[PDB]
There are 2 protein chains.
Amino acid sequence: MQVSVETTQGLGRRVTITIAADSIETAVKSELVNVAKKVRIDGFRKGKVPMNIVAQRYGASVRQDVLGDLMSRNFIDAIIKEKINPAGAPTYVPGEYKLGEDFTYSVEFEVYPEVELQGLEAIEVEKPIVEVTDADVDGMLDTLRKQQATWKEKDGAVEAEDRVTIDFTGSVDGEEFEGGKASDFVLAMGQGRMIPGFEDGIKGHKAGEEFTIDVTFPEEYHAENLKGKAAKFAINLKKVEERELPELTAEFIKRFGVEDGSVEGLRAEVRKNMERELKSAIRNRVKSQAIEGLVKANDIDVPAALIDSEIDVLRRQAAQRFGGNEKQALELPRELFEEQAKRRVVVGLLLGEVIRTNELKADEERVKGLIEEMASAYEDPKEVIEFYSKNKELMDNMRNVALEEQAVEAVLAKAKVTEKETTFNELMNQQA
Amino acid sequence: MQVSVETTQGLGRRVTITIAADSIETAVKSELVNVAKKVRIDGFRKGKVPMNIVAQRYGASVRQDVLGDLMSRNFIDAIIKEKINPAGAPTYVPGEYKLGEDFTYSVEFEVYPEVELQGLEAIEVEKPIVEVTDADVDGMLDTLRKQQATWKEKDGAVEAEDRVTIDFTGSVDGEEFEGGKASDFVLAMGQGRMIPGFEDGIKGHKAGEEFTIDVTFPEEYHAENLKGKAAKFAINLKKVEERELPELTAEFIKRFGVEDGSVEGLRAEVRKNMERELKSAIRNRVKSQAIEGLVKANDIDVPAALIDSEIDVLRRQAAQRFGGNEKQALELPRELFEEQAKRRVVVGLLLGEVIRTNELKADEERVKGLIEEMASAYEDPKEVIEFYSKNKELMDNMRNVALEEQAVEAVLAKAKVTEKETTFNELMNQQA
């Protein structure tokens, strides 16, 4: 067997393997008649038609199953002789497969080092002490009243402080940007604006008079063919709708689903929101400050295999969002995926080390109250707790999440906890 | 959300869950803004463009993520309140997703029955008593030179007992069909017979003729829209080759792959091949006798969920080979999938119950010896066993196969063991 273990750097090593033509071919014939025998579909029956011709002439489909086995078939043997152990999964980077010659592929595996964390006390824990008094309730209620100010058909030009119901669609330098356009787009004021140029074209003209704008995408834009390329957008200026407050009437209150219809019912729906919004935002802030603190305490050098696995999931899933086209993945900037990925894998090493060596058990009290809180998001809390209590694989997942939280907590209580007073507004204004 | 359970058939409990239009759309906007903020692909940036219009107008490309979440989201609560749970996995039978509508999907499954094996004494174990003597080697050797004789170019009429390397293609009923054609298809004699009309047509014509044979596919054939339809096969008699025996010449010894050239090397390579195939034959004979013993003696009630799992693996794998056409999967007569699946699920329950209740542990010496036996095939056997010993993920699968064979053995030694003498030829005659 043709194998070549190269070293890239430290953790990473590039084991380049080449499988011979007939070594592939015989394996195709083998797995053809195998899967044919078990699934009862031997073309006709189990005594005719040599899989030799089936493979060579029209066995490009089965070649996925075959090469799928052969990558791990040559791997499993080669790693025995050389003592090669990947960190979870090896990054199989293939160049090309010539049909009827060989199959060369670069097996870029990483090794998992023993992680250690330092600066546990040096980490700043934020407790954003928000206590949502009627100042915060009615302050945010006024923010709601003024920001959700009703729509009204403006007579004139578009401006910064207007909504406009339009659409944008066309091409970027002659290419159809797959799903990157909104037929009947609502441009709403008050919130942030899009790329300088786009919204500028919109607010450069009056309603009714429809035209195309040509704006180049930023190099900060998250697709290689769209960024730097000029983009023509067929702007159909239909309806310019200004925001203005008539009053906080039951007509407005009704649009939040308030059956009671009165503003006092609006406060009550807002209390039901404020319950899970306040709890999850506080928990998000202390969790965020913790995770940021852990990584910033120890920006460790993680195995790239875990990053690559995260990147495969994130590339396929992103490209699924961009029309489902695989090719789109390969033109999203890698470092926008490696953002969440790096943090996921670093925290995976750190918190894993914590629950392992600090011997953190699924603390029955901690996971009890955790389950009670997520159950109080459902209609019947008590019975959700009671059913989870029986269920094995639920209590596996509840063990893990209680231990993620408990691993954060082990270093959280060890860290510089700072109980800092803020308001409901500041809590979510500093987020999105 | 709305849930409603209905008994399909006994264990089959159709939990029909109506997910309301808004229950979908809100979860769509959720998974949109989530994936946007974590991957930082918010179109432009994390402060613009409501996910409302993104969902409603072109949010088809997130319905995998959304419905993928909702399948567990609605189900997890539904099973809590009412008491209701699948054996392994629930079969989600969904409606066609019309947008701006309640997605009602039939969440079917079967509950797990107490599996028991019976008629252990009635199960007759076949121990086919064979040896690799020069009698069996010369028997197979004579069959080898007498069956696998060299080919000569024939100019004349084709028989059933000729070779003919033809390129056939055409159309079934008038419609072109994928996969069912082969350029330089070798109709070799000696081995079994093809479908009636086809090979009868080939042998009904003399070398040089380019014609067509319109033959009807059997109603027993492995696909619906092909079976029962006549099929015009444009047979171009390309190569016609007569089957003739010269001798077991050094020309032939080389052609078999034996570089050694002298017949002593043909015998050596035959000893190595006969070694591993004798092992795999005896293994397959006692294994298949025992497996079909347990299954055909105990046609137990198996939860359809396990069948769906196996069938999804088998339909992916098969339809990938049938041009990658996932629609054609559902078109294959399902009993060909359920053939293997029935065996896998019944064995999985029976042998599972054996190793569980009888406390069958992966015996270190037994799994070690099993690995010696299979590693014999590999490049360095005792180092294979040695390296495997470290890797738990692989030793998990080695524990699987060890306990499957050990569970077979726990009933094998209990079953009516009958030693039945055979030759090497008769051992594989039916199996091949």
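- Per the PDB record, the structure was determined using solution NMR.

- Labelled according to the PDB entry, chain A appears under the name Trigger factor, originating from Escherichia coli.
- Listed as the entry title in the PDB record is "Solution structure of Trigger Factor dimer".
- The annotation that UniProt attaches to chain A under Catalytic activity is "[protein]-peptidylproline (omega=180) = [protein]-peptidylproline (omega=0)".
- Per UniProt, chain A has the following entry under Subcellular location: "Cytoplasm".

**Observations regarding the relation of the copies chain A and chain B**
In step 1: Each copy of the sequence occupies a distinct position, and chain A is placed on chain B by a rotation of 180° and an axial shift of 0.2 Å, giving an RMSD of 0.9 Å. Classification of the inter-copy transformation places it as that of a two-fold axis.
In step 2: Taken as a fraction of all interface residues of chain A, those also at the interface in chain B reach 96%, which identifies the copy contact as same-surface.

**Here's the deal with the packing of aromatic side chains**
In step 1: Applying the stated criterion across every chain, the model contains 26 aromatic pairs over all chains.
In step 2: Geometrically, the ring pair formed by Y97 of chain B and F103 of chain B is tilted, given 5.8 Å between the ring centres and 55° between the ring planes.
In step 3: Clustering of aromatic rings is evident, with ring pairs tying together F168, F177, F185, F198, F217, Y221 and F233 of chain A together with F44 of chain B.
In step 4: A cation sits over an aromatic face here: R163 of chain A above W151 of chain A, 4.8 Å from the ring centre.
In step 5: A cation over an aromatic ring shows up here: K181 of chain B above the ring of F177 of chain B, its NZ or CZ 5.4 Å from the ring centre.

**Quick notes on the interface of chain A and chain B**
In step 1: Listed per partner, the contact involves 70 residues of chain A and 72 residues of chain B.
In step 2: Buried area between chain A and chain B, both sides added, is near 6,300 Å², and the carbon and sulfur share of it is 58%.
In step 3: Counting every contact that joins chain A to chain B gives 13 salt bridges.
In step 4: For the salt bridge of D65 of chain A with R316 of chain B, the shortest nitrogen-to-oxygen distance reads 2.9 Å.
In step 5: The set of elements that each furnish at least two residues to the side of chain A that touches chain B consists of α1 (21-38), α2 (51-58), α3 (63-82), β10 (185-187), α8 (304-321), α10 (334-357) and α12 (381-390) of chain A.
In step 6: Examining the composition of the side of chain A that touches chain B, we find that 7 residues originate from one element, α3 of chain A, more than from any other.
In step 7: Partitioned by chemical class, the residues of the side of chain A that touches chain B number 36 nonpolar, 16 polar and 18 charged.

**Some remarks on the side chain of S61 of chain B**
In step 1: Following the sequence through the fold, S61 of chain B ends up in the loop between α2 (51-58) and α3 (63-82).
In step 2: Separated by 2.9 Å, the side chain of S61 of chain B and the backbone oxygen of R321 of chain A make a polar contact.
In step 3: Those residues in contact with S61 of chain B, other than ones at most four positions away along the chain, are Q320, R321 and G323 of chain A.

**Things to note about the sheet that holds strand β2 (residues 12-19) of chain B**
All names here are of chain B.
In step 1: Sheet architecture is open: 4 strands sit in the order β1-β2-β4-β3, paired in antiparallel fashion. Where the open sheet ends on each side, the last strands, each with one partner, are β1 (2-9) and β3 (91-94). Across the sheet, the axes of successive neighbouring strands diverge by a mean angle of 25°, strand direction being ignored.
In step 2: With 5 bridges joining them, β2 and strand β4 (residues 103-108) adopt antiparallel strand pairing. Note on β4: the bridge partner recorded for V15 is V107.

**Digging into the nonpolar core**
In step 1: Core analysis: the biggest nonpolar cluster contains 65 residues, and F185, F198, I202, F233 and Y388 of chain A have the highest contact counts within it.
In step 2: If you look at the next biggest cluster of nonpolar residues, it comprises 64 residues, including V49 and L67 of chain A together with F233 and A402 of chain B.

**Focus on unusual backbone geometry**
All names here are of chain A.
In step 1: Backbone geometry places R40, a non-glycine residue, at a positive phi of 70°.
In step 2: In this fold, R40 is placed in the loop between α1 and α2.
In step 3: Owing to a relative accessible area of 38%, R40 belongs among the partly exposed residues under this scheme.
In step 4: Phi at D173 is positive, roughly 65°, even though this residue is not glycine.
In step 5: Note on placement: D173 falls in the loop between β9 (170-172) and β10.

**Quick word on helix α10 (residues 335-357) of chain B**
Because an α-helix completes one turn every 3.6 residues, residues spaced three or four positions apart along the sequence face the same direction.
In step 1: Compared with the 33 Å implied by 1.5 Å per residue over 23 residues, the 32 Å span of α10 of chain B between its first and last C-alpha is a close match.
In step 2: Every buried residue of α10 of chain B is accounted for by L336, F337, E339, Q340, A341, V345, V346, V347, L349, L350, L351 and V354 of chain B.
In step 3: Each element contacted by the buried residues of α10 of chain B is listed here: α1 of chain A together with α7 (263-297), α8 (304-321), α9 (326-329) and α13 (392-412) of chain B.

**Re the pairing of strand β12 (residues 230-235) of chain A**
Residue and element names in this part refer to chain A.
In step 1: Burial along β12 is one-sided: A231, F233 and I235 are buried, while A230, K232 and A234, pointing the other way, are not.
In step 2: For β9 and β12, the ladder comprises 3 bridges, and the chain directions are antiparallel. Counterpart to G170 in the pairing with β12 is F233.
In step 3: Across 6 bridges, strand β11 (residues 211-216) lies against β12 in antiparallel orientation. Residue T216 lies in a different strand from β12, and its bridge partner there is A230.

About the thresholds
As presented, residues are numbered from 1 along each chain according to the written sequence, a scheme that may differ from that of the entry, and residues lacking coordinates are left out. By the order in which they are written, chains take letters starting at A while ligands take numbers starting at 1. No hydrogens and no water enter the side-chain calculation; it runs on all heavy atoms of the structure. UniProt positions are given in the numbering used here, feature names are shortened, and annotations may be inferred rather than shown by experiment. Copies superposed on C-alpha atoms by least squares. Note on contacts: a residue pair qualifies if any of its non-hydrogen atoms lie within 4.5 Å across the two residues. Centres within 6.5 Å make a pair out of two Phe, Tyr or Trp rings, where for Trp the six-membered ring is used; the pair is then stacked when the planes are under 30 degrees apart, edge-to-face when over 60, and tilted otherwise. Criterion for a charge above a ring: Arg CZ or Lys NZ at most 6 Å from the ring centre, at most 35 degrees from the ring normal. Buried area adds together the accessible area that both of two parts lose upon being put together, with accessible area traced by a 1.4 Å probe. Whenever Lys or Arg places a side-chain nitrogen within 4 Å of a carboxyl oxygen from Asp or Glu, that contact is recorded as a salt bridge. In this text, helices come from DSSP runs of H or I with a minimum length of four residues, and strands from runs of E with a minimum of two, each type numbered from the N-terminal end. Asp, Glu, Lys and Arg are counted as charged, while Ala, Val, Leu, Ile, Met, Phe, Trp, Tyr, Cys and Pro are counted as nonpolar; the rest, among them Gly, fall into the polar class. The definition of a polar contact used here is a pair of N or O atoms within 3.5 Å, where within protein one atom must be able to donate a hydrogen and the other to accept one, and adjacent residues in sequence count solely through side-chain atom pairs. A pair of strands is treated as paired once DSSP finds two or more bridges between them. Every axis corresponds to a line fitted to the C-alpha atoms, with the helix fit spanning only the stretch in contact, and the corresponding angles, defined between N-to-C directions, vary from 0 to 180 degrees. Put simply, buried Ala, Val, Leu, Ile, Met, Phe, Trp, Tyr and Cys residues joined by side-chain atoms within 4.5 Å make one nonpolar core. When accessible area is computed with a 1.4 Å probe and restricted to protein chains, residues below 20% of their type maximum are described as buried, those above 50% as exposed, and intermediate ones as partly exposed. To estimate how far a helix should extend, the number of its residues minus one is multiplied by 1.5 Å.

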